[PDB]
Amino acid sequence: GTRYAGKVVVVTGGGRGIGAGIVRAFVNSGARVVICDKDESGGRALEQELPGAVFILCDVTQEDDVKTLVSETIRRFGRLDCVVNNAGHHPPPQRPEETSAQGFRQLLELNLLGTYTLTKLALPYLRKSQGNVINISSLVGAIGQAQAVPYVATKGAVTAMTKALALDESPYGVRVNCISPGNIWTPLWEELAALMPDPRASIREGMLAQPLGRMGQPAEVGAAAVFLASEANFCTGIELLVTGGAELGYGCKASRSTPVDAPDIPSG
């Protein structure tokens, strides 16, 4: 209710999904939240519903949109306490030979360099408030994912960059942390499933990937983000897993295209 009262927070990609869940969580903790999104529709709907959230149209791949975002946040609200780098994209499944260097560069511009550019421009103000940075990475940056080489690379970069930033900003008392969600039910997840030959079977496989037996919710990532900003004052450079246990224990991993022998020859 007052956990982060009067702090100014920027959330990129805050118009839907996990970002909207983070926006709602910070508004509920008393913050002024600047929603950054390339999509006017969801950001305007959130700005009208939530007093304390304002919407600024901004594409994080455009350096001038981000400079204006930071410039307007300071002009209109006088300070900056927390940046949540959430804007990102997961392409449909793609084998390595179905990827291009150009597609990889485009994904790096959004998932990695948008996060880098806003952080860099925000740091002079975060240093003045002893604020903090939260990056939304992914579990698959840590354990890999099939048919997702460009995406996995961008999220490994984000998690590592979080630790480098944590070391660079610790002399100012500025913390830098990341959240690595596993499977979270969002519009992105729904849109990816809808491209599969059996969307609900794909969703069910997504649920069975967790020992808890379900996907996570945006509100659960949101609560983790408010914790990191407002109560984790001795945490920096950590990777907070919000994954339902998906990384634990053995599971069925050998793919449908993978030659697997009968169990009378178990080790080749």
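The first residue of the shown sequence is 1; numbering continues from there.
**Q** When the C-alpha temperature factors are averaged for each of 156-164 and 67-75, which stretch ends up with the higher value in the entry?
**A** Comparing averages over the C-alpha atoms only gives 67-75.
**Q** If you take the mean CA temperature factor per stretch, which one wins between 174-182 and 114-122?
**A** Per the PDB record, 114-122.
**Q** Using the entry's values, work out which of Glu205, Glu239, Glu231, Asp39 has the largest Cα B factor.
**A** That would be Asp39, according to the entry.
**Q** Among the choices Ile56, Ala209, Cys235, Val226, identify the one whose CA B-factor in the record is greatest.
**A** Result of the comparison over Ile56, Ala209, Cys235, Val226: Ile56.
**Q** Quick check on the deposited entry: does the C-alpha B-factor of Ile134 sit in the lowest, middle or highest third of its chain?
**A** Lowest third - that is where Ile134 ends up once the chain's C-alpha B-factors are sorted.
**Q** Against its chain's modelled residues, does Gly52's Cα B factor rank lowest, middle or highest third?
**A** Tercile = highest for this residue's CA B-factor.
**Q** By the record's CA B-factor, is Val260 among the lowest, middle or highest third of residues in the chain?
**A** Top third by C-alpha B-factor.
**Q** Pull the Cα B-factor of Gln217 out of the PDB entry and bin it into the chain's lowest, middle or highest third.
**A** It belongs to the lowest third of the chain when residues are ordered by C-alpha B-factor.
**Q** What third of the chain, by the recorded C-alpha B-factor, contains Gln62?
**A** It falls in the top third of the chain.
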